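>>> fold the following for me, if possible:
(7 chains, ligands or ions: 8)
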Amino acid sequence: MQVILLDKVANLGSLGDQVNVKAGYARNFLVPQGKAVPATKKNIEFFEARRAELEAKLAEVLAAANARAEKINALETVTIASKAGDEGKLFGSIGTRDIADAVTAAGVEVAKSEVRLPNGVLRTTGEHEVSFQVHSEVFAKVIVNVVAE
Amino acid sequence: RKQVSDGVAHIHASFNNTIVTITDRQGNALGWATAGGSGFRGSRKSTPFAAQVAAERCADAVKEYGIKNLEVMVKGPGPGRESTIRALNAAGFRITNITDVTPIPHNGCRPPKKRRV
Amino acid sequence: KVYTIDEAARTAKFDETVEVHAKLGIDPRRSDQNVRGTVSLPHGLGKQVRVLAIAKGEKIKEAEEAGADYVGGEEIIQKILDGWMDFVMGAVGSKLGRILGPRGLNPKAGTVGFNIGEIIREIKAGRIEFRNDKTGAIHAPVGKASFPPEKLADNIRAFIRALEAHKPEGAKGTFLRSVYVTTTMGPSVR
Amino acid sequence: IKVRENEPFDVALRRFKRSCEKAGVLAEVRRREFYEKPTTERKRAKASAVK
Amino acid sequence: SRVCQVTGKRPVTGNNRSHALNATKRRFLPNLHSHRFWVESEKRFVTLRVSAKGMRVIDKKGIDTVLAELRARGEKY
RNA sequence: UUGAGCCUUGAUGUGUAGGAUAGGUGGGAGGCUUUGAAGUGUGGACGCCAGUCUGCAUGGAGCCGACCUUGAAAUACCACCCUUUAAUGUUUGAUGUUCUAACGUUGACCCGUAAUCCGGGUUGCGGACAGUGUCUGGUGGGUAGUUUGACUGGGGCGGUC
RNA sequence: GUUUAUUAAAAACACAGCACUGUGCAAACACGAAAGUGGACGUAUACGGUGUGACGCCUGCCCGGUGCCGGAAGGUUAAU
Ligand SMILES: [Mg+2]
Ligand SMILES: [Mg+2]
Ligand SMILES: [Mg+2]
Ligand SMILES: [Mg+2]
Ligand SMILES: [Mg+2]
Ligand SMILES: [Mg+2]
Ligand SMILES: [Mg+2]
Ligand SMILES: [Mg+2]
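Numbers count the residues shown, from 1 in each chain, chains lettered A, B, ... in the order given. Ligands and ions are numbered 1, 2, ... in the order given. Please see the structure below:
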């Protein structure tokens, strides 16, 4: 038969292709342990609706889990009111829920665990930098400036 | 194909004919030759000569794994029992250690009868 | 390629040394290996011969200019008969055989002509172009082909030299053209 | 039976073979059984070997 | 009795025509085989005595529609 | 990955007048190898142990052709390759190796069940074999239906048609 | 011992014994389109088929033919 697959399936499958398999394999193994299904045409278009949706649509929505950072370099500077000891060296210090909570709390809304201040993370005043995370490949840089007020 | 260099030349010398077999240490047959195989039949093959010329042929057949030094195991009576080890020394051979392996029952099987000739 | 990459000879000095060595069927029954008369090959090629025909004492002043360089004489029928290192070709027809001037005892040279009115006729071109190719051992067609002077222009033989496919034996598959020599080797298909 | 015979000499040097096997116990076993007739045979190996 | 529960195929009679055209009444049995089928919609194996053609029908219509026919004519399975 | 179709990358031959182990005819009066050779020395090796070959190598700078014979002349070079072999393939089955999940279980167990049937379940053992359907070659007096002539000084034999 | 109830009681059949030969058990084999069942609640010191016929002394030669058994390379050879 033809049959269209479900899971990845070894030396033939893919995850949602239209392979062609010996019926002995389809009945008796694949379809029963629902790893595939009869290509009843009714189905093959059940799959064409499933060829437009999740893919074409929700990847220009991860073009929004990405263009969040088109507003990461268009400000590129938050200040933290953290002072300085005996020579312009932070009396404060700012981490991730300091650089995600002092990022969210404006027009820059990020998820608190989306702010990589590799440690410096942090131990002095003035300008620093950080690695802001929204996508797996597209993060983005800013500039942070712990203001000694 | 394959290679050795350290070997063993087995010989089966027996009144009617003598047979040379050349194998490695772990006796896995590298090359053989027989007194009949060469020519001579009848008396002919049952001769030290005919055994020399088998001992020889055998070299041009086991030189095909470039053997250098090899022990010698001598079984049975009859010619070719020593004339073979001569044609071997010469053939182009370091000839390591010689041993005689002719079997000797502590009197077991009744041997054949007769030979009212 | 679809025909041949006639650009298949890019060192000897003059790669004309090419041959027509095609394939034919088998002898499962009754068939033979023959060639017609001087197969010319639709291509000037560029071959000036020394064609040897057996005319007489009149065909020496016009039976020698027509793609050749001479003709055997009347005194030299057996007065050229005293050596093996001394001596196309020919043998006139109608009612004339030539075993008294080519017979018993290892060379082939049949095609010359047969005219009862001329030695060089008003329209008779086609002799001195290409050789023969009868029976051999495992097939036939051996001879010559194009040259180092053409391009795909000596592939005039490709459509009227490979097209010499006359009835194949029976249990066979005659069809495969090949040539070349003095550089590499090969052939396309049929 | 066995000969090492290390370095210098391509001579066989196996005269040990004429010290036991070979036509020894091998001409012996080669043929006619015997059975009691060796008795007679060895009664000449001593009817001689007396002098 | 040698019947395919899908198609109804059962033995039919006919002839064995020899080379001399002698007819001898024979039968043609169907290619029956009892076979266990996974019904997903029943978390259960339903085994049908089926002809090979039978199977091919089940592979196309689908065991649910097919059992659904048996059910619809009290052919209990 | 074994026995067959077949196709690129290569071998190869003691009939006489003879420098000498001529496959049949064909291109043929100069290619080439310093992209580093003739044969000395051992390597795989076909074997009529008569001789051939080269990846490699020690090598290190020319050999020859119509020459005079022979029904057929160049190991000068090239190939369509026959005497018959040999090295990958292509897939394809094929012999093959497992697997388990169809299928067998006339092992064990559980439930319906106070049941040597049957069904379902669990397990163990097999396993795409076995078995069965259709088709098909062989075998098949086991069964079956028949045939096995007429003339004839009765019939049969013989003979005849 | 058996047998032709009703023209044959026998030298015929059986018989212990013997030999071949099949059968590893879901046995061969047999009754059964089949399920099921005999064989057997047995298991090769068993079970089936075949012949011979206590016992004593013995049972030679022949494998061309016909049967059967084994064989795998060739040849021939079905559906496909
Ligand atoms: Mg009958
Ligand atoms: Mg009558
Ligand atoms: Mg009585
Ligand atoms: Mg009575
Ligand atoms: Mg009476
Ligand atoms: Mg019995
Ligand atoms: Mg009797
Ligand atoms: Mg007898």
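
>>> now residue B:12: phi and psi?
phi -110, psi 80 (degrees, to the nearest 10).

>>> that one pairs with what?
Judged by DSSP bridges, the bridge partners of residue B:12 are residue B:19, residue B:75.

>>> that one is in contact with residue B:21, isn't it?
Yes - counting by C-beta atoms under 8 Å, residue B:12 touches residue B:21, with 7.3 Å between them. Backbone N, C-alpha and C define where each C-beta goes, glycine included.

>>> which residues sit in contact with residue 3?
If you meant another chain, say so; for now it's chain A. Neighbour list for residue A:3: A:18-21, A:26, A:30-31, A:36-39 [criterion: C-beta atoms under 8 Å, 6 or more residues apart in numbering or on different chains].

>>> to clarify, I was referring to chain D.
Per C-beta under 8 Å, 6+ apart, neighbours of residue D:3: B:97-99, D:12-14, D:16.

>>> pick the one among the residues you listed closest to chain E.
Relative to chain E, the closest of the contacts of residue D:3 is residue B:99; by C-beta to the nearest C-beta it sits at 69.4 Å.

>>> distance of that closest one from residue B:10?
For residue B:99, the distance to residue B:10 equals 10 Å [C-beta to C-beta, to the nearest Å].

>>> who has more neighbours out of the two?
Taking neighbours as other C-beta atoms under 10 Å in any protein chain shown, residue B:99 and residue B:10 compare with residue B:10 leading, 19 against 15.

>>> element containing that one?
Using DSSP states H and E, residue B:10 falls within strand B:6-14.

>>> check whether that strand comes near RNA strand F.
No - interface with RNA strand F: strand B:6-14 contributes nothing (C-beta under 7 Å from any atom of the strand), its closest point being 11.6 Å away.

>>> so what touches stretch C:171-185?
Counting by C-beta under 8 Å, 6+ apart, C:4, C:8-12, C:15, C:17-26, C:28-29, C:145-146, C:158, C:162, C:165, C:168, C:186-190 sit against stretch C:171-185.

>>> got any residues that touch both of residue B:99 and residue B:10?
What both residue B:99 and residue B:10 touch, as defined by C-beta under 8 Å, 6+ apart, is the set residue B:73.

>>> alpha carbons only: can I get stretch B:16-36 in CSV?
What follows is stretch B:16-36, C-alpha atoms only, in CSV (Å, rounded to 0.1, in the frame of the first residue of the first chain):
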residue,chain,number,x,y,z
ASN,B,16,55.4,-46.5,-2.1
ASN,B,17,55.7,-42.8,-2.2
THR,B,18,56.7,-39.8,-0.1
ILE,B,19,54.7,-36.6,0.4
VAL,B,20,55.9,-33.1,1.2
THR,B,21,53.6,-30.6,3.0
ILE,B,22,54.8,-27.2,4.1
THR,B,23,52.8,-25.4,6.7
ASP,B,24,53.3,-22.6,9.3
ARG,B,25,53.9,-23.4,13.0
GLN,B,26,50.1,-23.8,13.7
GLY,B,27,50.0,-26.4,10.9
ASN,B,28,47.6,-24.8,8.5
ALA,B,29,48.8,-26.2,5.1
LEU,B,30,50.7,-23.6,3.0
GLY,B,31,51.8,-25.9,0.2
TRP,B,32,52.3,-29.6,-0.7
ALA,B,33,53.8,-31.8,-3.4
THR,B,34,54.0,-35.6,-3.9
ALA,B,35,56.4,-38.0,-5.7
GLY,B,36,53.6,-39.1,-7.9
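
>>> which other residues reach that stretch?
B:4, B:6-13, B:45-47, B:50-51, B:53-58, B:61-62, B:64-65, B:67, B:70, B:76, B:78-81, B:84.

>>> for that stretch, buried residues please.
B:17-24, B:30-36 (16 or more other C-beta atoms under 10 Å in any protein chain shown).

>>> repeat for stretch E:59-68
The neighbour-count check on stretch E:59-68 (16+ other C-beta under 10 Å) flags E:59, E:61-63, E:66-67 as buried.

>>> one more: stretch B:74-83?
Buried residues in stretch B:74-83, counted by 16+ other C-beta under 10 Å: B:74-83.

>>> quick check: end-to-end length of that stretch?
Using C-alpha to C-alpha, to the nearest Å, the end-to-end distance of stretch B:74-83 comes to 11 Å.

>>> same question, stretch C:123-133
Distance between the two ends of stretch C:123-133: 26 Å, counting by C-alpha to C-alpha.

>>> what does stretch D:42-51 rub up against?
Residues contacting stretch D:42-51 (C-beta under 8 Å, 6+ apart): none.

>>> do a quick rundown of the helices in chain D.
D:25-29, D:38-42 (DSSP state H).

>>> what segments of chain B are strands?
Taking DSSP state E to define them, one finds strands in chain B at B:6-14, B:17-23, B:31-34, B:69-75, B:94-100.

>>> tabulate these (JSON lines), appending distance to residue E:16.
Output for the strands of chain B, formatted as JSON lines (distance: least, C-beta to C-beta, whole Å):
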{"stretch": "strand B:6-14", "distance to residue E:16": "67"}
{"stretch": "strand B:17-23", "distance to residue E:16": "65"}
{"stretch": "strand B:31-34", "distance to residue E:16": "63"}
{"stretch": "strand B:69-75", "distance to residue E:16": "71"}
{"stretch": "strand B:94-100", "distance to residue E:16": "77"}
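
>>> out of those, nearest to residue E:41?
strand B:17-23 (70.7 Å; C-beta to C-beta).

>>> how about the closest one and RNA strand F, any contact?
No - Strand B:17-23 stays clear of RNA strand F (C-beta under 7 Å from any atom of the strand), getting no nearer than 12.1 Å.

>>> follow-up on the earlier one: could you turn the buried ones of the contacts of stretch B:16-36 into a PyMOL selection?
Selection of buried members from these for PyMOL, criterion 16+ other C-beta under 10 Å:
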select buried, chain B and resi 4+7+8+9+10+11+12+13+45+46+47+50+51+53+54+55+56+57+58+62+65+67+70+76+78+79+80+81+84
